[PDB]
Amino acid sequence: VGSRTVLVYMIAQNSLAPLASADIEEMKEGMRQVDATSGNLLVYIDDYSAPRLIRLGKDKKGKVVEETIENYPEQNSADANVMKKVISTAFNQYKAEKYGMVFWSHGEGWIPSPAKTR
(Lines of atoms letter the chains of each structure in order from A and count residues from 1; the text may use other names and numbers.)
(Lines give C-alpha, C1' and ligand atoms only; values in the text may rest on other atoms or scores of the structure.)
Protein backbone atom coordinates (compact mmCIF):
# COMPACT_ATOMS: atom_id res chain seq x y z
CA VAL A 1 0.00 0.00 0.00
CA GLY A 2 3.01 2.26 0.61
CA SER A 3 0.84 4.54 2.74
CA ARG A 4 2.10 6.52 5.75
CA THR A 5 0.44 8.52 8.53
CA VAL A 6 2.27 11.28 10.41
CA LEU A 7 0.82 13.14 13.39
CA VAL A 8 2.38 16.51 14.20
CA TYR A 9 1.72 17.30 17.86
CA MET A 10 2.04 21.02 18.56
CA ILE A 11 2.04 22.13 22.18
CA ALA A 12 2.10 25.78 21.14
CA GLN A 13 0.35 27.41 24.11
CA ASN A 14 3.55 29.20 25.04
CA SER A 15 6.15 31.65 23.76
CA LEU A 16 6.30 29.73 20.47
CA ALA A 17 2.67 30.46 19.60
CA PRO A 18 3.54 33.26 17.14
CA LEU A 19 5.82 30.80 15.31
CA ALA A 20 3.26 27.99 15.00
CA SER A 21 1.48 29.53 12.02
CA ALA A 22 4.55 29.71 9.77
CA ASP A 23 5.41 26.04 10.32
CA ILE A 24 1.85 24.90 9.58
CA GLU A 25 1.92 26.96 6.38
CA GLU A 26 5.30 25.42 5.55
CA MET A 27 3.64 22.04 6.05
CA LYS A 28 0.94 22.84 3.49
CA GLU A 29 3.62 23.98 1.06
CA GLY A 30 5.62 20.80 1.67
CA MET A 31 2.45 18.74 1.40
CA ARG A 32 2.19 19.89 -2.22
CA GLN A 33 4.99 17.60 -3.39
CA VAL A 34 3.47 14.75 -1.37
CA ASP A 35 1.07 12.07 -2.63
CA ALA A 36 -1.97 12.98 -0.52
CA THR A 37 -3.86 9.79 -1.37
CA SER A 38 -1.54 7.47 0.57
CA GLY A 39 0.22 9.98 2.83
CA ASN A 40 -1.71 11.35 5.79
CA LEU A 41 -0.37 14.46 7.52
CA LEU A 42 -2.43 15.07 10.63
CA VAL A 43 -1.84 18.14 12.75
CA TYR A 44 -2.78 18.74 16.36
CA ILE A 45 -2.35 22.43 17.15
CA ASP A 46 -2.97 24.01 20.54
CA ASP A 47 -1.95 27.67 20.36
CA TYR A 48 -3.67 30.68 21.93
CA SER A 49 -7.05 29.41 20.77
CA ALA A 50 -9.01 26.15 21.11
CA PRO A 51 -7.12 22.92 20.26
CA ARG A 52 -7.89 21.25 16.94
CA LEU A 53 -6.93 18.10 15.07
CA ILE A 54 -6.75 18.66 11.32
CA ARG A 55 -5.54 16.91 8.19
CA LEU A 56 -3.57 18.60 5.42
CA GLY A 57 -5.13 16.89 2.42
CA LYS A 58 -5.56 18.13 -1.14
CA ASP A 59 -8.81 19.18 -2.78
CA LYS A 60 -9.87 17.56 -6.05
CA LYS A 61 -7.95 20.36 -7.83
CA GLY A 62 -4.73 19.53 -5.98
CA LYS A 63 -4.76 22.57 -3.71
CA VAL A 64 -3.67 21.78 -0.14
CA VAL A 65 -6.60 22.23 2.24
CA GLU A 66 -7.19 21.91 5.99
CA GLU A 67 -9.62 19.16 6.99
CA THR A 68 -11.09 19.27 10.49
CA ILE A 69 -10.96 15.84 12.14
CA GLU A 70 -11.92 16.95 15.65
CA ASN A 71 -12.26 20.16 17.64
CA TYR A 72 -11.43 20.16 21.33
CA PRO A 73 -12.36 22.23 24.38
CA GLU A 74 -9.48 24.12 25.97
CA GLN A 75 -7.20 21.62 27.65
CA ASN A 76 -3.68 20.84 28.81
CA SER A 77 -2.09 19.33 25.70
CA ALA A 78 0.91 18.39 27.85
CA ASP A 79 -1.31 15.92 29.69
CA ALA A 80 -0.78 12.24 28.85
CA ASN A 81 -4.44 11.26 28.59
CA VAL A 82 -5.13 14.26 26.36
CA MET A 83 -2.23 13.21 24.13
CA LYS A 84 -3.52 9.62 24.23
CA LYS A 85 -6.94 10.70 22.97
CA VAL A 86 -5.43 12.70 20.11
CA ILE A 87 -2.99 9.92 19.20
CA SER A 88 -5.82 7.36 19.24
CA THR A 89 -8.09 9.51 17.08
CA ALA A 90 -5.28 10.33 14.66
CA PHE A 91 -3.95 6.85 13.90
CA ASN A 92 -7.11 4.77 14.28
CA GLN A 93 -8.84 6.98 11.71
CA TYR A 94 -5.84 6.84 9.39
CA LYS A 95 -4.18 3.43 9.52
CA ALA A 96 -1.24 3.11 7.14
CA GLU A 97 1.75 0.96 6.21
CA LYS A 98 4.14 3.20 8.14
CA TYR A 99 3.80 5.77 10.93
CA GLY A 100 5.66 8.74 12.35
CA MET A 101 5.14 11.43 14.96
CA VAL A 102 6.44 14.99 15.27
CA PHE A 103 6.78 16.69 18.64
CA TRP A 104 6.45 20.46 18.42
CA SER A 105 7.03 22.56 21.56
CA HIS A 106 9.59 23.71 24.12
CA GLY A 107 12.02 21.03 25.27
CA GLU A 108 14.17 20.27 28.29
CA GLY A 109 15.41 16.69 27.90
CA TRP A 110 14.71 14.31 30.78
CA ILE A 111 14.43 17.14 33.34
CA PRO A 112 11.39 16.87 35.66
CA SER A 113 8.54 19.36 35.36
CA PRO A 114 9.32 22.67 37.14
CA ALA A 115 5.77 22.57 38.55
CA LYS A 116 4.54 19.57 40.55
CA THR A 117 1.67 18.77 42.90
CA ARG A 118 1.92 16.45 45.87
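Residue numbers here begin at 1 and follow the sequence given.
Per-stretch averaging of Cα B factors for 76-84 and 35-43 places 35-43 on top. In this entry, the higher average B-factor at the C-alpha atoms falls on 61-69, of the pair 44-52 and 61-69. Per the PDB record, residue ranking by Cα B-factor puts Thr117 in the lowest third of the chain. In this PDB entry, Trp110 carries a Cα temperature factor that places it within the lowest third of its chain's modelled residues. Residue-level temperature factors show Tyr94 in the highest third of its chain, judged at the C-alpha atom.
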